[PDB]
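All remarks here apply to the structure that follows.
Lettering of chains follows the sequences in order, A, B, ..., and the numbering in each one begins at 1. Scope of the values below: all heavy atoms of this structure, side chains included, with no hydrogens, waters or symmetry mates.
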Amino acid sequence: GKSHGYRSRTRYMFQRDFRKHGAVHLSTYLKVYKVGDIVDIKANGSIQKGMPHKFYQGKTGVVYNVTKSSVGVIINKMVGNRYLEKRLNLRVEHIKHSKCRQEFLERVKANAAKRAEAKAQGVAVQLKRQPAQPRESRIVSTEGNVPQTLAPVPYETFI
Amino acid sequence: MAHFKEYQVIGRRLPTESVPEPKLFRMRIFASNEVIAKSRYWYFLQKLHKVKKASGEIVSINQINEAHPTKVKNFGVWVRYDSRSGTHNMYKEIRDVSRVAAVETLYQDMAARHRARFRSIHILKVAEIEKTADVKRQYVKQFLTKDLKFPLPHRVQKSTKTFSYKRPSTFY
Amino acid sequence: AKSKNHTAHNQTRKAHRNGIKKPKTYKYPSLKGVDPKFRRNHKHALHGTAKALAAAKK
Amino acid sequence: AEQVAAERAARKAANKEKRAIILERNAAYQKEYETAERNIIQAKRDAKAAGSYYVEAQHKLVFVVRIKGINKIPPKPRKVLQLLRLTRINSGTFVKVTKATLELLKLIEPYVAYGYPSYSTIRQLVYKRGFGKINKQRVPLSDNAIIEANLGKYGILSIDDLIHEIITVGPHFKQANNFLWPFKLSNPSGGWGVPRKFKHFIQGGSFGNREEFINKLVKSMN
Amino acid sequence: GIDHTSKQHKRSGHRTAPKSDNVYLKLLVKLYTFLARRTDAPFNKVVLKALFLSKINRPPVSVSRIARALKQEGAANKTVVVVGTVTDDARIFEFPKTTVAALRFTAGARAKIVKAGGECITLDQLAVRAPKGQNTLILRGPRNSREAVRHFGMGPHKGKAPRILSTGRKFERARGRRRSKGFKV
Amino acid sequence: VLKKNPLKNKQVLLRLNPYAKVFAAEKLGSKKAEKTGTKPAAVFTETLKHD
RNA sequence: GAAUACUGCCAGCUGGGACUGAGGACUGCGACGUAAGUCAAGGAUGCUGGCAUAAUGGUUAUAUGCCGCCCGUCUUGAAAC
RNA sequence: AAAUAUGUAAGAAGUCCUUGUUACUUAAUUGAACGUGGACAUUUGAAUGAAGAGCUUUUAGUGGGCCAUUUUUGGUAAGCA
Ligand SMILES: [Mg+2]
Ligand SMILES: [Mg+2]
Ligand SMILES: [Mg+2]
Ligand SMILES: [Mg+2]
């Protein structure tokens with residue numbers, strides 16, 4: 001018969017990395033999580049308590065609850081034709097802060113700094129990001145860089 | 001396609017801070033238009049150097065016209081092509097009045113005798129042969145003889161009408 | 001008399017024909033599953049905040 | 001004397017001064033285009049004389065024409081064609097060039113022919129097949145008052161202001177382009193020039209980027 | 001062919017007219033259609049749309065609800081507008097003097113307002129004396145307090161009322177409603 | 001009631017774009033360019049003719 | 001020192017052919033004219049001829065050109081041997 | 001250790017500055033959560049589109065499938081499974 005146990009098909013996803021087994025370094029337990037933080041889920045195979053189900057590996061959620069050794073995370077899950085809200089109780093070994101969110105908060109600070117500086121001088125500071133633009137015109141000098149190249153090569157076996 | 005032009009295409013890697021002013025690689029490409037010329041340039045730079053269109057730039061494309069279009073020349077042509085079961089190098093000789101016309105004839109001839117499409121052919125080199133006694137192919141040498149002259153027997157005249165009243169002749 | 005066992009054919013098309021919808025977040029999410037100690041204290045904190053605001057605005 | 005001629009005279013005065021403003025704007029546009037063209041040509045000549053190569057600025061505007069019918073399209077290209085507003089064959093739109101739109105075009109290459117349109121192509125396209133989106137309706141432009149009523153808040157007062165905002169990708173390009181209803185082109189009058197359309201332009205087909213030959217194609221298509 | 005992004009020929013899904021054949025209701029509708037077209041007051045548009053509503057979509061408005069609304073700061077002198085029925089309420093013992101415009105007044109509601117000193121007004125008189133809905137106050141009754149709504153969304157852990165004819169012990173209070181009998185919901 | 005194409009029907013062409021009259025009068029579609037005699041560098045010509 | 005090809009532009013000019021004529025007082029935007037007006041500018045008018053009836057047209061029978069498998073049903077699939 | 005496919009974010013329910021509540025927390029006038037009052041301009045924080053956007057009730061038929069490119073299992077294979 002078939003087999004659909006809780007940890008089926010997790011053979012490689014719950015591996016420790018190569019030469020990275022053993023105890024968890026202390027910065028994992030020294031990190032601070034608050035309600036509203038955006039966190040990524042990556043299960044540590046050495047910690048079997050509070051582990052997430054294999055579906056939530058690589059998912060990113062929002063903290064809604066903080067307990068003694070664990071964090072409640074909200075994940076939107078695809079079920080049928082709509083997303084359902086799922087609440088996971090995960091120990092901190094399986095959770096890391098989202099670097100994306102950290103960089104967004106840095107961008108918010110920089111946007112405020114630019115706006116305040118433009119409030120004094122340089123109006124219209126143009127806060128929005130832009131996609132990569134087509135290149136402007138340019139002049140390519142030949143001095144010391146005379147264009148010189150050959151043609152496609154004949155076939156030969158190398159055997 | 002067979003109305004070939006010859007382009008010089010000069011390009012380079014996109015300049016960076018570590019290596020400003022890259023080395024401006026240049027090729028001569030036979031193509032029907034500049035779009036195909038630029039594509040062929042990037043295909044060959046792709047194959048020879050560790051560069052691609054995304055990480056590169058085209059600094060110049062220029063059509064190269066024949067110096068003496070009305071001077072009958074002999075062209076040695078080195079090509080590399082893919083057959084149905086391998087890759088082969090060939091040398092051929094074309095008597096023609098321009099490089100683009102000689103390359104046109106080469107593509108027609110490769111398609112005819114080896115069923116090789118434009119897809120399968122690399123033009124390694126096209127070079128005018130400076131003098132006779134260096135022409136190696138008899139199918140070209142036979143046209144270099146002194147006071148060459150030949151008839152055109154069995155002339156067939158095209159009729160503009162369905163019916164003819166005169167039993168046509170083929171004299172010429 | 002065997003039949004087809006399973007397939008997900010047409011299932012994504014059916015799911016998308018009325019679209020896939022996100023779960024419509026609200027301000028003030030439900031405090032279900034939140035720590036009982038925190039909720040119990042938060043009730044008195046809100047009570048005091050509302051009392052002080054009423055005593056100020058009047 | 002029921003107060004008719006007074007406001008008719010005032011309305012004619014307003015129209016006359018508005019047309020004087022349009023006339024001076026169009027003269028300025030014409031001189032700006034002439035200066036840009038000659039400066040580009042002379043910059044190429046000066047780089048040649050100095051021994052350098054003048055790499056012209058990368059193109060900022062593409063015109064995209066859907067050349068494939070609506071049946072049997074994978075979902076991702078179907079979605080991108082919808083977002084580019086190419087919902088039927090021979091529909092055309094203007095797209096300003098960024099990385100975000102170049103990826104879209106690269107994702108819908110097999111179903112479109114696109115390139116870099118000239119001023120002549122843009123002007124003829126807007127003059128003959130230009131329609132505005134007003135209250136979700138397709139309105140023939142046919143008059144400057146329509147354009148000033150729907151895009152005058154961006155400083156666009158006439159069909160030539162609209163064309164200028166398209167050919168030079170201005171600050172209000174997005175608004176002007178979205179105001180333009182997607183152009184509905186006929187099949188090309190001299191055919192497509194190829195036996196089979198659905199190969200790349202480089203491979204003797206019709207789709208993909210054909211940078212400056214989109215002008216010839218679109219001119220025959222409208 | 002067109003790659004349609006939306007369903008074609010889709011009706012708006014909103015009533016454009018009353019479903020009824022009440023001729024006096026249709027006269028009120030044509031009056032407020034004229035007002036909604038020739039005035040920029042959004043009151044006329046709101047009243048016009050409410051004139052199309054079904055019975056469950058125009059729940060009755062109690063006089064106690066009116067009095068509570070008139071207790072709002074600065075709303076003591078406004079004209080209460082109910083596009084529907086105003087019912088009587090005996091839970092209240094004091095009623096202010098006020099103007100109420102409504103489609104229908106029950107006998108008790110009308111008597112209570114008149115005794116309080118106010119007046120009951122039809123929507124055409126309201127239109128005459130306030131063509132732009134000046135100093136009006138539109139009130140709506142409780143829509144979701146309908147008995148049918150209790151059964152909407154019935155399911156596990158939803159907390160809704162089952163659709164049932166007889167109530168009491170022996171009627172759906174067993175396996176499925178308590179842990180001692182199988183499971184609970 | 002009927003869409004009239006500019007690029008024909010010069011009346012509609014003139015209703016739009018009052019500058020078309022100045023364009024036609026001054027023949028701005030046939031503008032003679034100022035002559036210049038700048039010469040390409042010998043390095044450019046040698047690169048162009050190079051094998 | 002020119003010419004021409006190729007490519008491109010003109011709010012350059014102009015000849016021939018085909019289909020269409022929706023709307024029905026005026027209102028608009030323009031153009032040409034010192035103005036008065038005029039105009040190809042928010043959709044055809046002017047002039048002329050023949051017939052005034054089976055002539056056009058309708059119906060019907062036939063002929064010709066091309067096309068057209070028997071419906072209903074169950075079925076993944078029916079003209080189904 | 002790819003390609004393709006896949007999670008999250010790109011702000012007003014936001015950010016910053018003072019100081020209010022608590023029975024939670026801190027050695028603590030420390031925090032946590034939620035707040036009063038003040039500041040942020042129109043590029044309110046990428047692109048494109050947006051055909052109106054959200055919400056609910058109720059009920060039909062269906063629950064034999066099959067084909068093609070590509071990936072792929074059993075089988076010598078199959079218009080096989
Ligand atoms: Mg089944
Ligand atoms: Mg033809
Ligand atoms: Mg037949
Ligand atoms: Mg069945």
Worksheet item: If you find the nucleotide of RNA chain G closest to F:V1 and the one closest to F:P18, which residue's nucleotide is nearer the 5' end?
Response: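 Going by which nucleotide is closer to the 5' end, it is F:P18.
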Which whole number of Å gives the distance between the [atom1] atom of [N] and that of [M]?
N	M	atom1	value
G:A79	G:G68	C1'	13 Å
G:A61	G:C69	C1'	27 Å
G:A36	G:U14	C1'	35 Å
H:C16	H:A12	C1'	13 Å
H:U44	H:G11	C1'	8 Å
G:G28	G:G42	P	13 Å
G:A22	G:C26	P	16 Å
G:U73	G:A80	P	12 Å

Discussion item. By the definition side-chain contact (heavy atoms from CB on, under 4.5 Å), identify the one residue from D:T93, D:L125, D:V95, D:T121 that meets it with D:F63.
Written reply: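 Result: among D:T93, D:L125, D:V95, D:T121, D:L125 is the only option passing the side-chain contact (heavy atoms from CB on, under 4.5 Å) with D:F63.
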Practice prompt. Consider only side-chain N and O atoms of A:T60 and A:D40, and report whether a donor and an acceptor are under 3.5 Å apart.
Written response: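 There is such a pair (donor and acceptor under 3.5 Å, judged by atom type) between the side chains of A:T60 and A:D40.
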Between [Y] and [X], is there a salt bridge with N-O shorter than 4.0 Å?
X	Y	answer
D:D161	D:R25	yes
A:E117	A:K114	no
A:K109	A:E106	yes

Worksheet entry | Any N/O donor-acceptor pair, A:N76 side-chain to H:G7 base, under 3.5 Å |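 Such a pair does not exist between side chain and base.
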Fill in: Pairwise 5' ranking along RNA chain H for A:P131 and C:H42, keeping only the more 5' one
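The residue mapped nearer the 5' terminus is C:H42.
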Worksheet item: Nucleotide by nucleotide, 5' to 3', does protein get under 4.0 Å of the base (B), only the sugar-phosphate (S), or neither (-) in nucleotides 32-41 of chain G, counting heavy atoms?
Response: S-------SS
Worksheet item: Atom CD of A:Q102 and atom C1' of H:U8: how far apart are they, to the nearest Å?
Response: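 Whole-Å distance recorded here is 14 Å.
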Discussion item. Can you measure D:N178 atom CG to H:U48 atom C1' for me and round it to whole angstrom units?
Written reply: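 Those two atoms, CG and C1', are 9 Å apart.
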Worksheet item: Do A:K77 and A:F55 meet the cation-pi criteria used here (NZ or CZ under 6.0 Å from the six-membered ring centre, within 45° of the axis)?
Response: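 Cation-pi check for A:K77 and A:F55: passes.
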Item to complete: Sugar of G:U73: specify north or south by the sign of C1'-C2'-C3'-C4'.
Response: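 North.
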Item to complete: Give one of base, sugar-phosphate or nothing for A:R115, where a contact means two heavy atoms less than 4.0 Å apart.
Response: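 Base: the residue A:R115, judged by heavy atoms under 4.0 Å, touches a nucleobase.
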Item to complete: Would you classify G:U45 as syn or anti? Syn applies when the glycosidic angle is within 90° of 0.
Response: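 In terms of base orientation relative to the sugar, G:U45 is anti.
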Item to complete: Could you classify G:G50 for me, syn or anti, using a glycosidic angle within 90° of 0 as syn?
Response: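 This nucleotide is in anti.
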